[PDB]
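S.K.: just dropping in an experimental structure and the matching sequence.
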Amino acid sequence: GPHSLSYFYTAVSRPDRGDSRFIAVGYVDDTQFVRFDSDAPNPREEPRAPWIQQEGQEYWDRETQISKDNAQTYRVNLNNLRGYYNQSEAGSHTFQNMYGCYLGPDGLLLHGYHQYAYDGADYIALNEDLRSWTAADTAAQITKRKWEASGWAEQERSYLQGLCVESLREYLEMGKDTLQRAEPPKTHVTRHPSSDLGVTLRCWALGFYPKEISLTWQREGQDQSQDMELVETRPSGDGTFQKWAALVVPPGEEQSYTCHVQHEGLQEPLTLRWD
Amino acid sequence: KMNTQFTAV
Amino acid sequence: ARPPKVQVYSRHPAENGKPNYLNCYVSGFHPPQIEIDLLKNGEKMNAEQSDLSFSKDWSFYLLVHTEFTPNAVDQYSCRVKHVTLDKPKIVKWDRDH
């Protein structure tokens, strides 16, 4: 489906250090490619994917300066939130922001988003028109009025329809051989005689990209989801992902069951059995 | 490439 | 305040004597302060930790990982401390999960 570029900012206050820490990571689809961490004497934006590293000095300088500016804006945001909620200066709090753009079939913005959370609760979000805000709570209603007076949503709209889409297009080209290639899962079924009267069959999908996958078990074509254990999809460590789904079947009845693997990298969905 | 954010909450 | 889910696993199906990579994936937690250690026979390994990131529901995820050569005797685990956990959570590695 549609490709996207997104960033994820996490700011935490640190009353004991008298400061705040600001971390920002960027992703194209399911692939991280940049980071910034404010907790260094001379912090710089840094590459976290091999294909971004060819960017010139001017790319790195711009991103580093945005990050330094963000670290200050989020330091102030943490103090303003503490004030809105009349919270103690004793405690650490967390403010997160995520925003990004999805690319449409004509190479223009399909959908842009931009939103925040404080201590994990929704705070404020940019609307569909990209020119206005929806507040989740009362403090964010005061933020909303200040931001309408600022008018900065016009410049965020400009970014999401412009630079966000234009840079995503560039990253897709630079990393095309991984970012625009669906890597199919390598699969197998294992068997673990478990119980006096049960055998565990586990259906694995290893090394797949992107993250979206469907693993299901059937008994003679009938879905077994209510009885299967399905683990959360997890990174392989090389930029791909893994997942498994297991279920206990009666002894001697392995031939009655199939695992169905559906992933965009496959030529065809797989039907696997313990053979 | 990142957006520019200067407007505190 | 949400506790971490923990998975410990190898990159490739484990085979004794074959170099591989050992992963501890910790997800679903809030707030983000957390201590994640891979342990080898109960002692801390010096691993690498991914940059802090989060899901659409705002919960955090981290990957701690290192090279290893699995064998018949060495035991591995991942130990996680977080304010939502009364005691450290320890998940043992086994090559079937």
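M.R.: Cool, the structure landed. Numbers count the residues shown, from 1 in each chain, chains lettered A, B, ... in the order given.

S.K.: how about stretch A:105-113: buried residues?
M.R.: For stretch A:105-113, burial by neighbour count (16 or more other CB atoms under 10 Å in any protein chain shown) applies to A:109-110, A:112-113. In short, each C-beta sits where N, CA and C put it, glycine included.

S.K.: can you list contacts of it?
M.R.: Stretch A:105-113 has contacts (CB atoms under 8 Å, 6 or more residues apart in numbering or on different chains) with A:2, A:98-104, A:125-126, A:130, A:157, A:160-161, A:164-165, A:169.

S.K.: give me the number of residues near residue C:46?
M.R.: 7 (other CB atoms under 10 Å in any protein chain shown).

S.K.: which SS class is it?
M.R.: Here residue C:46 is coil, with the state taken from DSSP: H, G, I helix; E, B strand; the rest coil.

S.K.: which ones are touching it?
M.R.: residue C:66.

S.K.: for residue A:201, same thing?
M.R.: Contacts of residue A:201 (CB under 8 Å, 6+ apart): A:189-191, A:217, A:246-249, A:254, A:257, A:259, A:274.

S.K.: and it, how far from residue A:190?
M.R.: 7 Å (CB to CB, to the nearest Å).

S.K.: now residue C:59
M.R.: From residue C:59 over to residue A:190 (counting by CB to CB), the distance is 30 Å.

S.K.: equivalent analysis for residue A:82, please.
M.R.: 52 Å.

S.K.: ok, for the most centrally placed residue in chain B, nearest residue in space, not its chain neighbours?
M.R.: In chain B, the residue lying closest to the centroid (CA atoms, centre = their mean) is residue B:5, at 0.9 Å. If you skip the residues right next to it in sequence, residue B:5 has residue A:73 as its closest partner in space, 5.2 Å away by CB to CB, 6 or more residues apart in numbering or on different chains.

S.K.: any idea how far the closest residue to chain C within chain B is from chain A?
M.R.: Proximity of chain B to chain C (CB to the nearest CB) peaks at residue B:2, 14.8 Å away. Using CB to the nearest CB, to the nearest Å, residue B:2 is found at 5 Å from chain A.

S.K.: show me which residues of chain C sit near chain A.
M.R.: By CB under 8 Å from any CB of the partner chain, the residues of chain C that approach chain A are C:1-2, C:5, C:7, C:9, C:11-13, C:21, C:23, C:25, C:27-28, C:30-33, C:50-54, C:56, C:58-60, C:63, C:65, C:96-97.

S.K.: just the ones of the residues you listed in helices?
M.R.: Using DSSP state H, no member of these sits in helices.

S.K.: from these, which ones fall inside strands?
M.R.: Cross-referencing those against strands under DSSP state E gives C:5, C:7, C:9, C:21, C:23, C:25, C:27-28, C:53-54, C:60, C:63, C:65.

S.K.: check contacts around residue A:1.
M.R.: Residue A:1 neighbours (CB under 8 Å, 6+ apart): none.

S.K.: meant to ask about residue A:215, not that
M.R.: Counting by CB under 8 Å, 6+ apart, residue A:215 has contacts A:203, A:205, A:230, A:243-245, A:259-262.

S.K.: how about a cut-off of 10 Å?
M.R.: Listed by CB atoms under 10 Å, 6 or more residues apart in numbering or on different chains, the contact partners of residue A:215 are A:185, A:187, A:203-205, A:225, A:228, A:230-231, A:233, A:243-246, A:259-263, A:270, A:272.

S.K.: residue A:144: how many residues sit nearby?
M.R.: 16.

S.K.: so which bits of the helix or strand harbouring it are buried?
M.R.: According to DSSP states H and E, residue A:144 maps onto helix A:138-150. Neighbour-count burial for helix A:138-150, with 16+ other CB under 10 Å as criterion, is recorded at A:139-140, A:143-144, A:147.

S.K.: of all residues in chain C, which one is nearest the centre?
M.R.: residue C:24 (2.0 Å).

S.K.: for the residue lying closest to that residue once chain neighbours are set aside, name its beta-bridge partners.
M.R.: Spatial nearest neighbour of residue C:24, chain neighbours left out: residue C:78 (3.5 Å); criterion: CB to CB, 6+ apart. Taking DSSP bridges as the rule, residue C:78 bridges to residue C:38, residue C:91.

S.K.: isn't residue C:78 right up against residue C:34?
M.R.: No - counting by CB atoms under 10 Å, residue C:78 does not reach residue C:34; the two are 11.6 Å apart.

S.K.: what about the nearest residue to residue A:262 once chain neighbours are set aside, neighbour count?
M.R.: Excluding its sequence neighbours, the residue lying closest to residue A:262 (CB to CB, 6+ apart) is residue A:214, at 3.9 Å. By other CB under 10 Å, 12 other residues sit near residue A:214.

S.K.: pull the number of nearby residues for residue C:85.
M.R.: Residue C:85: 14 neighbours (other CB under 10 Å).

S.K.: any idea what it is structurally, helix, strand or coil?
M.R.: coil.

S.K.: quick check: the gap between it and chain B.
M.R.: Distance from residue C:85 to chain B, by CB to the nearest CB: 31 Å.

S.K.: contacts only, for the residue nearest to residue C:24.
M.R.: C:6-9, C:22-26, C:36-39, C:45, C:47, C:64, C:89-93.

S.K.: and if you look at residue A:211?
M.R.: Residue A:211 neighbours (CB under 10 Å, 6+ apart): A:29-31, A:233-235, A:240-241, A:243, A:263.
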